[PDB]
Amino acid sequence: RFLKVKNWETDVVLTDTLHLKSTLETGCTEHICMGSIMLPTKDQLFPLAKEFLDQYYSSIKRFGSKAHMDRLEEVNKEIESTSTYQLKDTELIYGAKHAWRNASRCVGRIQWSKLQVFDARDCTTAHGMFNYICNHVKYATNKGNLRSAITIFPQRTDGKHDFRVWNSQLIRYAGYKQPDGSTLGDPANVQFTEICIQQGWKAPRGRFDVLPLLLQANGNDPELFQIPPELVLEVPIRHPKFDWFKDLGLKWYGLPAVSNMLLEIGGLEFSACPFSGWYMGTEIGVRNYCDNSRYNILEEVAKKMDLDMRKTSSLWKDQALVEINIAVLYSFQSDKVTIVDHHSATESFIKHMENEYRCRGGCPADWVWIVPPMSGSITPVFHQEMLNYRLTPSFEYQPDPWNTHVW
Amino acid sequence: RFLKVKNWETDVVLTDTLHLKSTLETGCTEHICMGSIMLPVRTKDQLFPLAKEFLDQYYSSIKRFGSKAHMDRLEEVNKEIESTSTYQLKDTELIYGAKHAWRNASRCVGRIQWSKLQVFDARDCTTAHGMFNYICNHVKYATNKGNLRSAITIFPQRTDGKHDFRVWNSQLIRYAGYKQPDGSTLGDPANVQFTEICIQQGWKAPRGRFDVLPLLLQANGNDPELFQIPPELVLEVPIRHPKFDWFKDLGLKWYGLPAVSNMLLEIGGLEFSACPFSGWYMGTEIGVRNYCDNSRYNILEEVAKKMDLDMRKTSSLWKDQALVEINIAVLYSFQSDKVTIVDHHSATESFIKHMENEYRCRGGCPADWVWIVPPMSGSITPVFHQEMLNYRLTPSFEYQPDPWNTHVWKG
Ligand code: HEM
Ligand code: HEM
Ligand SMILES: CNCCN(C)c1cncc(CCc2cc(C)cc(N)n2)c1
Ligand SMILES: CNCCN(C)c1cncc(CCc2cc(C)cc(N)n2)c1
Ligand SMILES: C[C@H](O)[C@H](O)[C@H]1CNc2nc(N)[nH]c(=O)c2N1
Ligand SMILES: C[C@H](O)[C@H](O)[C@H]1CNc2nc(N)[nH]c(=O)c2N1
Ligand SMILES: [Zn+2]
């Protein structure tokens, strides 16, 4: 019941007490581990509020204070009368930071306390949403010196008035099915692209077209907006040694900004809460560029390098992989757009993890997601035992709105 | 109950029913996943159901379930258990059992080969000298002049836990590690403790970087005894690189035969505490882990220096670049010397086919994603994108305590 995690590289052992505050289910049982599975009322509401407010007031060394009791009382009143309650600005900021802190699949959590929270709870229309998102994008981008941010739209009420950003990220490239049977652009975005066209977007049918935002306010029908092109910072990809690399015509956007997740704080649900940080190189170079079901460029790069692609054992894929990832990091650095390599990031996460165990009694971490998609065992996280469990406040997955939306 | 797994690269969905036969625990609960945790004397009471479960499976597998032969065998074992407190497996059951322990090994990417396993029955062995002989024969047969063959040698099962057969080595063939007074390590740091035990037991250490350890063999609960595997039986491969001529001068080699010797084989409730097994290497085991772990030979820097990579910032990915060249070298060297080896692309691709075949024919394939995914180039191998279900089936291979912590010394 008091769990130990061992680092097999360093022999360092940490004791986890924090997991006993866990609440949501893991998908696992004593008979079966689902660790590798990607997606495993007033009565209900007040204990959630209380649990949250208890931890909030503990964090400000005011547990059991009158102001603590007062707040608890006030919230209980409000839930009883109005069936929901409103978070204080302080509570909202605390909650959003802790959702990030609790994100077990995020390697970048050493940064968790430095998050800029934009309160967009006063937003009522999709136009309003668009303005808030432009401001987020511009703030977070900061001319390439990226700053973590989250913009938080009105909370769920009855479920029939949800705010939703239909896009999975604020910034992504379109994907088009060709008559050639092939796929043009990002294959991961074909369906959403269709919905944009369906909703009237005039697609330029290019390879790196920035998708428009599809914004839904107050449970109304979603509307289309185009992010001002001058606010979308992009990095052309070149290689420091290979002059030919630029001829691939590759580029990527600077701002990773997740927009389809649900923020839960104190039992309240924020269905529209886009958040952003900065990229770890492998996200672009390994996954976005080299996944078979993505831009899938390995072969083309390999050919340009004149590798023996006859036999897997020449490790031509591994060689091209490295070079592609070298180019990504080099291109971002050259353009002064913030980026972190997988060595630096995983090293930071180890130190964060030690800080968290020391100051919080633990740190929930999903090893399957934390270990980078290349060079796994030469990063310190590979040798680090981790315990995965769910703490709230939290970011959750939610269904794509087009399967949900009564038009 | 039905469980589905999805491959996120291909969208192929498989349905697992085999997990319904799962037995032992995972370490996980509804509240906590311990999927990345490395390490999560028996009464007649518990024994017969375990025997029975096993024999029902064996008899189903040979399409003789419910047969008189099946029924007589259950009867025979039941009686032998109530008479003698244990029972002996038929040779057929032992072989079936050993193959299935491998088949069930959720951490093994090489399981496409599971039905091809040479089983050496050493249950008649009584002494450490006898164990040495059996192990030499296993090594010679398995090595096969570089054309490696999978094999397992099975020594007598546990009785009261006071007469265990144990191979004290973690692998049949491994290199000594020596801690120096200046705190540096000569040879393989992983094997420092065991090397020290060998030396204390009388082993004369050459004290070089690649000294093959002696066997430390325990028969029938007696104190273990030292034996040197005949050098001519230990196949090794000098590591060179197809393009970089300086790579040979790193002075690296490795042995050809990976042979785990510290695990416990459970079959029908019986416990085989000494059951060394061997196959052939996947390149990354050597090129990534053995050579490049900071806690092992740790050669990344020396290699990267010689390639003259920019080592001033990790962002140059000098470690990644050197890592690849080393793994190219391992594969090159083994192939050149005609010693069996498989790259991580081939091995993971074969595993996916095996896994799918298993779902279709067996109703599932327990697999530990954390172990299955190779330690380099994870997501450009198909296993990375494959959801897996980890559970425990018997017969199985299990961890056991290192014998030096538990052995009662006779003296
Ligand atoms: C500031 C630098 C950051 C870095 C380097 C970073 C890094 C990463 C990486 C590599 C992943 C795996 C993503 C994937 O493979 O798709 C991830 C996931 C995640 N991150 Fe972070 N992140 C950062 C900031 C943030 C922020 C600001 C938040 C929230 C406020 C956040 C919350 C999450 C969540 C919830 C996931 C899981 C996503 C999912 O399950 O799909 N991250 N992060
Ligand atoms: C024939 C070629 C084989 C290949 C290429 C192969 C591949 C692998 C690899 C790469 C690992 C991970 C090792 C590590 O990271 O320490 C492993 C583990 C394992 N293998 Fe296989 N293997 C083979 C044969 C066998 C055989 C013959 C058996 C048993 C009869 C077996 C049973 C196991 C078990 C029980 C593990 C888990 C080891 C542990 O938990 O420490 N394998 N295998
Ligand atoms: C299963 N993933 C497919 C969709 N995808 C590529 C994706 C999913 N989930 C999250 C992200 C972005 C991850 C991320 C987020 C933030 C804030 C920073 C960062 N460096 N990466 C991307
Ligand atoms: C605890 N981890 C380090 C111990 N170690 C190096 C190790 C552990 N477990 C297994 C092996 C050898 C793995 C193996 C076994 C067999 C039969 C074939 C193969 N290719 N690899 C080595
Ligand atoms: C902590 C973590 O479980 C540990 O480093 C594991 C990860 N996956 C592994 N996978 C294999 N094949 N072999 C290993 O030793 C490990 N080590
Ligand atoms: C099946 C498996 O869970 C899936 O491929 C996971 C593996 N680990 C991952 N890790 C990260 N960071 N991101 C991912 O999308 C995935 N995909
Ligand atoms: Zn689990």
Side-chain angles (χ1 to χ4, degrees), chain A residues 1-24 26 35 51-64 90-91 93-115 117 148 265 277 280 340-372 376-395, chain B residues 27-29 31-40 294-295 314 370:
Chain A
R1 183 203 161 94
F2 281 43
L3 298 166
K4 290 181 172 36
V5 295
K6 178 176 174 170
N7 181 292
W8 290 85
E9 189 192 333
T10 63
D11 280 334
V12 166
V13 176
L14 300 180
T15 313
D16 184 288
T17 54
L18 181 61
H19 70 281
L20 305 159
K21 302 181 191 292
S22 138
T23 169
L24 312 169
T26 59
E51 177 194 43
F52 171 72
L53 293 171
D54 278 353
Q55 76 178 66
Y56 173 73
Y57 276 90
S58 183
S59 75
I60 58 176
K61 336 107 212 168
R62 244 158 181 74
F63 193 86
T90 50
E91 296 163 354
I93 294 157
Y94 171 90
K97 284 178 183 178
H98 278 73
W100 184 7
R101 192 180 192 176
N102 296 336
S104 74
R105 290 181 160 167
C106 177
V107 71
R109 288 177 280 160
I110 189 173
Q111 286 294 312
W112 75 266
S113 73
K114 335 244 206 2
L115 171 67
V117 174
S148 299
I265 299 169
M280 183 171 71
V340 67
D341 66 79
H342 46 289
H343 303 292
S344 172
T346 55
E347 185 206 343
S348 298
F349 181 79
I350 285 309
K351 179 191 168 182
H352 172 61
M353 188 167 173
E354 298 172 344
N355 296 332
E356 291 295 75
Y357 271 81
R358 180 169 44 75
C359 300
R360 202 188 185 197
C363 175
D366 182 346
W367 188 105
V368 170
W369 270 64
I370 295 289
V371 176
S377 71
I378 62 168
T379 67
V381 293
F382 178 98
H383 310 271
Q384 181 63 61
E385 293 186 348
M386 301 175 193
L387 292 168
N388 194 26
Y389 51 90
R390 322 248 286 159
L391 302 179
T392 191
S394 62
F395 293 108
Chain B
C28 302
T29 76
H31 289 136
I32 196 157
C33 179
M34 305 223 297
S36 62
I37 305 306
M38 181 166 325
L39 316 175
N294 294 324
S295 66
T314 65
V370 169

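We use all heavy atoms of the structure for the numbers below, so side chains are in, but hydrogens, waters and symmetry mates are not. A, B, ... follow the sequence lines: proteins, then strands. Residue 1 opens every chain.
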Keeping the roles fixed (side chain from A:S58, backbone from A:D54), state whether a donor-acceptor pair exists under 3.5 Å.
no
What are the two closest heavy atoms between A:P380 and A:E9, and how far apart are they?
CA-OE1, 3.9 Å
Just verifying a value: how many Å separate A:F395 CZ and A:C106 SG, rounded to the nearest 0.5 Å?
9.5 Å
A:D16 and A:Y357, any side-chain heavy atoms less than 4.5 Å apart
yes
Ignoring hydrogens, what is the shortest heavy-atom contact between A:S344 and A:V340? Give both atom names and the distance.
OG-CG2, 3.5 Å
Under 4.5 Å between any side-chain heavy atoms of A:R360 and A:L391, yes or no?
yes
Checking ring-ring contact (aromatic ring centres under 6.0 Å, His included) against A:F382, which of A:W8, A:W367, A:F349 comes through?
A:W367
Check the orientation of A:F52 and A:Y56. Use parallel for under 30°, tilted for 30 to 60°, and perpendicular for over 60°.
parallel
Is there a side-chain contact between A:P393 and A:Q55 in this structure, where contact means two heavy atoms from C-beta onward sitting under 4.5 Å apart?
yes
Pairing residues for A:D366 by the side chain to side chain donor-acceptor pair (under 3.5 Å) criterion, not counting sequence neighbours
A:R105
All side chain to side chain donor-acceptor pair (under 3.5 Å) counterparts of A:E347, not counting sequence neighbours:
none
Separation between CD1 (A:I370) and CD1 (A:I350), nearest 0.5 Å, reads 9.0 Å
Between A:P372 and A:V381, the two heavy atoms sitting closest are CD-CG2, 3.9 Å
For A:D11, is there an ion pair with A:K6 - N to carboxylate O distance below 4.0 angstrom?
yes
Determine whether the side chains of A:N102 and A:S394 contain a donor N or O and an acceptor N or O closer than 3.5 Å.
no
Considering residues at least two apart in sequence or located in another chain, which fulfil the side chain to side chain donor-acceptor pair (under 3.5 Å) criterion with A:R390?
A:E396
Euclidean distance, B:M34 CE relative to A:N388 CG, rounded to 0.5 Å:
12.5 Å
Nearest 0.5 angstrom please: A:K4 NZ to A:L387 CG, how far?
11.0 Å
Taking the side chain as C-beta and beyond, is there a heavy-atom pair between A:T26 and B:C28 under 4.5 Å?
no
Hey, could you give me the NZ/CG distance between A:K97 and A:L115, rounded to the nearest 0.5 Å?
7.0 Å
Is any side-chain heavy atom of A:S148 closer than 4.5 Å to a side-chain heavy atom of A:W100?
yes
Can a donor-acceptor pair be found, under 3.5 Å and without considering hydrogens, that links the side chain of A:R109 to the backbone of A:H352?
no
What's the separation between atom CD1 in A:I93 and atom CD in A:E91, rounded to the nearest 0.5 Å?
10.5 Å
Can you check whether A:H343 reaches A:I378 side chain to side chain, under 4.5 Å on heavy atoms?
yes
A:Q384 and side chain to side chain contact (heavy atoms under 4.5 Å, CB included): which partner among A:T379, A:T10, A:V5?
A:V5
For the student: nearest non-hydrogen atoms of B:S36 and A:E385, plus distance:
O-CG, 3.6 Å
In terms of side-chain geometry, is the basic nitrogen of A:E356 or A:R101 positioned less than 4.0 Å from the acidic oxygen of its partner?
yes
A:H19 side chain reached by A:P364 side chain, heavy atoms, under 4.5 Å
no
Could you tell me which non-hydrogen atom of A:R358 sits nearest to which non-hydrogen atom of A:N355, and how far apart they are?
NH2-OD1, 2.8 Å
Considering all heavy atoms of both residues, which atom of A:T23 and which atom of B:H31 are nearest to each other, and what is their separation?
O-CD2, 4.2 Å
A:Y94 versus A:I60: any side-chain heavy-atom pair under 4.5 Å?
no
